[PDB]
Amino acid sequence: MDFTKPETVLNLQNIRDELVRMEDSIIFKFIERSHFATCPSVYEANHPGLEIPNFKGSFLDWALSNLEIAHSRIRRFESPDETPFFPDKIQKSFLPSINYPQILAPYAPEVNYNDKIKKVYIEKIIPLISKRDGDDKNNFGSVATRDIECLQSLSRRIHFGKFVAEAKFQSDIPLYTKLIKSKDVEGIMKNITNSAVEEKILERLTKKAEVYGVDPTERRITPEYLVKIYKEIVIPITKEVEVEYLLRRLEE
């Protein structure tokens, strides 16, 4: 799977292989975040103890958005597989453009669930993966930066749906063209769901969590929780992006 070989990019298998390598990345990232308390204050927008000059949002917010700006400048978002958590704040690259062939539809950047991911991450995931409950009054930076690692991997993974979505469309235009004109969610949802795969995925996760989540010489990550996270969130939103991308596919 290379971005300058549209064929390898739109291959459904190659895509799944890539999602797989990501499983480990996410696990690792979770494991790292697991070393710190939940740190409520990091996520509170405009916390009194952490007022950020000219900024409405959370500590995490500041850190993340800033990083997105810096990165935007060095071509981060002109890569189709990277969708910004703060699209309203990203500048243009001061580096000559990498001219990636179009592999997706022109509106792809507009398909963007980060808003959700971030909320669910903070509300549902954190409680599952952190040591204690409470503020680690002098690790907010440590926590935030890690949070961002998680968030950027989740977003990459999830937004990969677009590639899958496109891949599936391509492979039976009529079936999908029919479904899309109809705005037949349930029908589309039915066709993209492939439970067999979803299941085998949760199986790997459980093993990985077992072997990675424990010092081989315990439980920095709970296998059940890792499954829960994926099963309830990761995989549901990935599909949720496929339908979305699909509805607008015939668009224009």
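A residue's number is simply how far along the shown sequence it sits, counting from 1.
According to the entry, the deposited sequence places 4 to 9 unmodelled residues between residue 217 and residue 218.
Higher average CA B factor: 186 to 194, of the stretches 186 to 194 and 58 to 66. Looking at 43 to 51 and 206 to 214 together, the entry lists the larger mean B-factor for 43 to 51, computed on C-alpha atoms. The residue among 140, 113, 77, 100 whose C-alpha carries the highest B-factor in the deposited model is 100. Among 176, 86, 107, 160, the highest C-alpha B-factor recorded in the PDB entry belongs to 176.
In the deposited entry, the Cα temperature factor of residue 199 sits in the top third of values across the chain's modelled residues. The PDB entry assigns residue 171 a C-alpha temperature factor belonging to the highest third of its chain's modelled residues. In this PDB entry, residue 156 carries a Cα temperature factor that places it within the lowest third of its chain's modelled residues.
Ranked within its chain, residue 226 lands in the lowest third, by CA B factor from the PDB record. Among the modelled residues of its chain, residue 180 has a C-alpha B-factor that falls in the highest third, as given in the PDB entry.
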